[PDB]
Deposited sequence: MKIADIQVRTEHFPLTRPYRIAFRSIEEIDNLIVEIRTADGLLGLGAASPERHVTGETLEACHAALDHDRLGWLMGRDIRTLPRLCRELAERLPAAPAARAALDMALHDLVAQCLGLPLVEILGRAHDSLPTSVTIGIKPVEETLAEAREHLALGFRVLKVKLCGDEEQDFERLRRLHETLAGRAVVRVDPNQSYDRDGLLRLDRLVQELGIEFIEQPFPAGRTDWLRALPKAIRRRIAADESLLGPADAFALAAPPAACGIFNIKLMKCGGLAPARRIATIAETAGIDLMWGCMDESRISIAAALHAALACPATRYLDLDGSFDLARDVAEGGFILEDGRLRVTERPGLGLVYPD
């Protein structure tokens, strides 16, 4: 099955709460199948801007891909890594469209051909940095919507962070678990205090407390604490995965985002490393169309090591370019029974 055509466009998705941009990718085969992909580059984490992403997705720059056989997909992905080495979000949009196509070609949901390890998982929704009152309010809104897991961003100001966490813990009254994301904002003593609190409050783990290039700060922690820490901005691709997993392992949880690693194929390499090293998998996202969320979910549901999801990147989108691909019920995400990514597109 030959790739007949590749088209990219910019989409402006207003937020329900401001807008956010995604590159939308259509790959068509000669028999008329359509694979779908979406790119949401994060320049501060990967260096990849929207301009560079868009440029790497140019139809003519992608000429090497035209006419190629999708049945060769792992070779294709190896070429995506070689020919778009600086544009991981673009790479992911193409990679996910190609997997969509291969799964449609085999007539099954993608997770089925990746091989299924899980039926569904709870996803977190995010409460950003704000005061106690707004935090508790959001918490109750989410609880009402059926969510059992909250992800709270922390700013690194301890009195405030800790207060928000205590009050949130009291309000929730065991109705949902909490996980936190300081995103690089903590120092070493501060992290020790935060971890004491986290133990106290039953918070599940701490994501990326330290600067991305600070992994030595992580390794200097007691193993019991490292096990409770997730790598996000420190983990882009398989190379990072291997360096972090190598004894002494820097942490106990890997946060994989397609827009960091560059697609499902590199994601499988990370999963291989994590699983051998006994590291749990978290699957996150940028602000994303339901297309790439769906892709991420198929991959996650196909990894035995997957323990957690922050998959909420399409929830704040006022409009999207596709429906389906995943079903949300009672705070849990699962895929549908349709082939490929299982997206409905006009």
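Chemist: In sequence order, which deposited residues have no C-alpha?
Modeler: Those stretches are 18-26, 356, listed in order.
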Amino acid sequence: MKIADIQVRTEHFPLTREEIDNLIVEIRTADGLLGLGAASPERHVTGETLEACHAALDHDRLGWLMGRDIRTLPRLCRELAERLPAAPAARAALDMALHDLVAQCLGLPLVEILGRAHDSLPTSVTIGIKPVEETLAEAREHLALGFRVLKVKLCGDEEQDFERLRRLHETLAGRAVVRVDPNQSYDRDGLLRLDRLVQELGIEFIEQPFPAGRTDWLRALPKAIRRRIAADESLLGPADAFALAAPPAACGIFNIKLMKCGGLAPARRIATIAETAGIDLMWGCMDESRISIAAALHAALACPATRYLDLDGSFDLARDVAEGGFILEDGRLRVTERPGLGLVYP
From here on, numbers count along this sequence of modelled residues.
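Chemist: Test of understanding: from the entry's C-alpha B-factors, which stretch has the higher mean, 314-322 or 65-73?
Modeler: The entry gives the higher C-alpha B-factor average to 314-322.
Chemist: When the C-alpha temperature factors are averaged for each of 289-297 and 50-58, which stretch ends up with the higher value in the entry?
Modeler: Mean B over CA atoms: larger for 50-58.
Chemist: Tell me which of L264, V111, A93, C105 tops the list for C-alpha B factor in the record.
Modeler: Max CA B-factor in the entry, restricted to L264, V111, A93, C105: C105.
Chemist: Quick one: which of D232, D181, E138, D216 has the biggest Cα B-factor according to the entry?
Modeler: That would be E138, according to the entry.
Chemist: Hey, what third does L172 fall into on Cα B-factor, ranked over its chain?
Modeler: As the PDB entry reports it, the C-alpha B-factor of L172 lands in the highest third of its chain.
Chemist: Based on the entry's values, in what third of the chain does the Cα temperature factor of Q160 lie: lowest, middle or highest?
Modeler: Top third by C-alpha B-factor.
Chemist: Please say which third, lowest, middle or highest, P222 falls into when its CA temperature factor is compared across its chain.
Modeler: Tercile = lowest for this residue's CA B-factor.
Chemist: Would you check the entry's CA temperature factor for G146 and let me know if it's in the chain's lowest, middle or highest third?
Modeler: For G146, whose C-alpha B-factor we compare with every modelled residue in the chain, the answer is the highest third.
Chemist: Which third of the chain holds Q208 when residues are ordered by C-alpha B factor: lowest, middle or highest?
Modeler: Bottom third by C-alpha B-factor.
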